[PDB]
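Q: Quick one: experimental structure and sequence below.
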Amino acid sequence: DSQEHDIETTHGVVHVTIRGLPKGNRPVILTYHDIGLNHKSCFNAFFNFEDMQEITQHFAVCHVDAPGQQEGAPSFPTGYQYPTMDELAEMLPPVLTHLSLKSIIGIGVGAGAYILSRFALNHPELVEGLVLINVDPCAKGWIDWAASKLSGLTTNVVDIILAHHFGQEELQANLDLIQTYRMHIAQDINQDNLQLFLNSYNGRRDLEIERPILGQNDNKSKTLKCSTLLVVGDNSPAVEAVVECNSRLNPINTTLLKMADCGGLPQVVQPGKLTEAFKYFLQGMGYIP
Amino acid sequence: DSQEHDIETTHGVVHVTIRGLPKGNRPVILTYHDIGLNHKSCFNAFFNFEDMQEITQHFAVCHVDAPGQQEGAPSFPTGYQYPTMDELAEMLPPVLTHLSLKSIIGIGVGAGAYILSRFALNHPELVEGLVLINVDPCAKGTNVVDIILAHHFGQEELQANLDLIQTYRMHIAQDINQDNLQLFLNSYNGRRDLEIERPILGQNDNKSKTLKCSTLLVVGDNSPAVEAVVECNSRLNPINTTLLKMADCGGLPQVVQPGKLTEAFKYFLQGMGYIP
């Protein structure tokens, strides 16, 4: 049913898990998780969902785990030159090659969404679709003006990442979802290693995507060539960014999905609704008639 | 590099024009023109355009001419039972069968867009994509050439009566057998509601039925269609649908602005994975 690989790249080992058996012409639904998650935390709930299972039947699922984020990962030595976001994306063609895959339908969350998007800009041949959840193509704001002070380099990691995931009101309520995902961030990931991955995602440069004007397309400023499903909860802190990302992609190949009564982790909070959206998206490309 | 066929169906002959040789698994780009046009009037301008030629290259093109609307068509006897819009759509599977075509990427205008939309609802597996130009999915509720001019061109556009409009008066007037054109107009004005309805991601929505293919709705900012085309968009699945309002444009976007619409169509094809 499942098969783990530790794949060697010029930027270090990356751990991937292939559940289901890849097919001749069919692409694999490839997965990159967000900061403070691994593949298991981010999507295992979503891909185990009854309706999604009928989709994962036809496609093989290759879960990528960002370097050092894989469960039971050893700490990198303090000097360690953890890969840049751009570099993390340069690890994926090796992954595809090693598993003899020809193309992928990506599903990314935050850091994942950026990585897969960079990857798809770098390698349009290997990307057919992207479902980008809570994606931010702009570089991290040096300050959030909706706060009481600035204290960037002297606050807890787990609390930073929680904030990145969950809306202000959702986080203050501190319900089973938040308590559950404090514990996931604190215990499931190597805290030493996680700091490096966080730092990589916080250092991300601007994607550079710009929507083209159909008339007089001379400059042809680059965007994603593939079909894209941008997904964000109404109450995700991401909404500002995800709408901006949509403002910079080709509307003929892009759809925005603002999920109702939703915050961080739409794929776990409302997997029933997101599945059906993914199903329509796949049907667009000609799969799952 | 073209071939004409008169294809006899249960509901009568339909004249089609295949330019290019069909591939085994690639769909053909199939065409259905609007009231008061034929494929030449409606699409010849667009499909010959430089940038489109490089697309049409990799697909076969199959141009359908609505009954009696094809060039040199003889007038049907006065009693003649002209096909309903629903019937006109039922004539397409036979066209596909007889030319041994497996599936199509449809480009419709007005009546054409309804007909190809009806077709897709009836036979989803056969439709892979639809470029619906100036489509109207609702029912309507003297001089025929003037009526049709009005259907096509914006009020301001039409009052200005420039090269485009005086060219297309003559097209409507002299290209198509006038007896037949009335019957076709009658069929399009009788069109029933498509009965598409946008699905709610939570409600299963069994009763509601929508196009299951990738759709590019196209209208010019000044087209009388705009209200209807936006209506259409509001009733299709947003995950499989894009609305394209074309700047400084009225009737016949595909003629007025082929450069823009080509580019749109190329990205729409790239969405489904073709012309990589």
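A: All right, it came through fine. Numbering: from 1, shown residues only, chains lettered A, B, ... in the order given.
Q: going forward, measure contacts and count neighbours with C-alpha atoms only.
A: Will do.
Q: Can you name the residue of the stretch 51-200 of chain A nearest chain B?
A: residue A:128 (7.0 Å; CA to the nearest CA).
Q: wait, residue A:13 sits on residue A:7?
A: Yes. The pair residue A:13 / residue A:7 is scored as a contact, 5.4 Å apart, by CA atoms under 8 Å.
Q: hmm, back to that, tell me if the residue of the stretch 51-200 of chain A closest to chain B really is in a helix.
A: No. Going by DSSP: H, G, I helix; E, B strand; the rest coil, the assignment for residue A:128 is strand, not a helix.
Q: and it, how many neighbours?
A: 21 (other CA atoms under 10 Å in any protein chain shown).
Q: same question, residue A:171
A: 18.
Q: sorry, back to before: can you give me the separation between the residue of the stretch 51-200 of chain A closest to chain B and residue B:274?
A: Per CA to CA, to the nearest Å, residue A:128 is found 11 Å from residue B:274.
Q: Ok, residue A:136 next?
A: Noted for residue A:136: a distance of 29 Å to residue B:274, by CA to CA.
Q: Likewise for residue A:101?
A: Between residue A:101 and residue B:274 the distance, using CA to CA, works out to 19 Å.
Q: quick one, longest helix in chain A?
A: Criterion DSSP state H: the longest helix present in chain A is helix A:271-285.
Q: hey, where'd the strands end up in the stretch 1-150 of chain A?
A: A:4-9, A:12-19, A:28-32, A:61-65, A:104-109, A:127-133 (DSSP state E, counting those that start in this stretch).
Q: Given the third one, what are its sheet partners and their directions?
A: According to DSSP bridges, the neighbouring strands of strand A:28-32, each with its direction, are strand A:61-65 (parallel), strand A:104-109 (parallel).
Q: Now render those as CSV, adding mean neighbour count.
A: Listed next are these as CSV, based on neighbours: other CA atoms under 10 Å in any protein chain shown:
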stretch, mean neighbour count
strand A:61-65, 25
strand A:104-109, 26
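Q: Residues of chain A that sit close to chain B?
A: Chain A has residues A:128, A:214-215, A:225-227, A:229, A:251-253, A:255, A:272-273, A:276-277, A:280-281, A:283-286, A:289 near chain B, with proximity defined as CA under 8 Å from any CA of the partner chain.
Q: Now that we have these, which of them are buried?
A: Taking 16 or more other CA atoms under 10 Å in any protein chain shown as the criterion, what is buried in the residues of chain A next to chain B is A:128, A:214, A:225-227, A:229, A:251-253, A:255, A:272-273, A:276-277, A:280-281, A:283-286.
Q: Which residue ranges of the stretch 51-200 of chain A form helices?
A: A:85-89, A:92-98, A:111-122, A:157-165, A:168-173, A:176-183, A:191-202 (DSSP state H, counting those that start in this stretch).
Q: hang on, the earlier thing: for the longest helix of chain A, the distance to its chain's centre please.
A: Going by CA atoms, centre = their mean, to the nearest Å, the spacing between the C-alpha centre of helix A:271-285 and its chain's C-alpha centre is 17 Å.
Q: Would you mind putting the CA coordinates of that helix into PDB?
A: Taking C-alpha atoms only, helix A:271-285 is exported to PDB below (Å, rounded to 0.1, in the frame of the first residue of the first chain):
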ATOM      1  CA  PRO A 271     -12.000  18.000   3.700                       C
ATOM      2  CA  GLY A 272     -15.500  17.100   2.300                       C
ATOM      3  CA  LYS A 273     -15.800  20.500   0.500                       C
ATOM      4  CA  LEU A 274     -12.100  20.800  -0.700                       C
ATOM      5  CA  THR A 275     -12.300  17.200  -2.100                       C
ATOM      6  CA  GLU A 276     -15.300  18.000  -4.400                       C
ATOM      7  CA  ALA A 277     -13.400  21.200  -5.500                       C
ATOM      8  CA  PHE A 278     -10.200  19.100  -6.300                       C
ATOM      9  CA  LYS A 279     -12.500  16.600  -8.200                       C
ATOM     10  CA  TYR A 280     -13.900  19.300 -10.500                       C
ATOM     11  CA  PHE A 281     -10.300  20.700 -10.900                       C
ATOM     12  CA  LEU A 282      -9.100  17.200 -12.000                       C
ATOM     13  CA  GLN A 283     -12.200  16.900 -14.300                       C
ATOM     14  CA  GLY A 284     -11.100  20.200 -15.900                       C
ATOM     15  CA  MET A 285      -7.800  18.700 -17.000                       C
END
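Q: Perfect, I'm done here.
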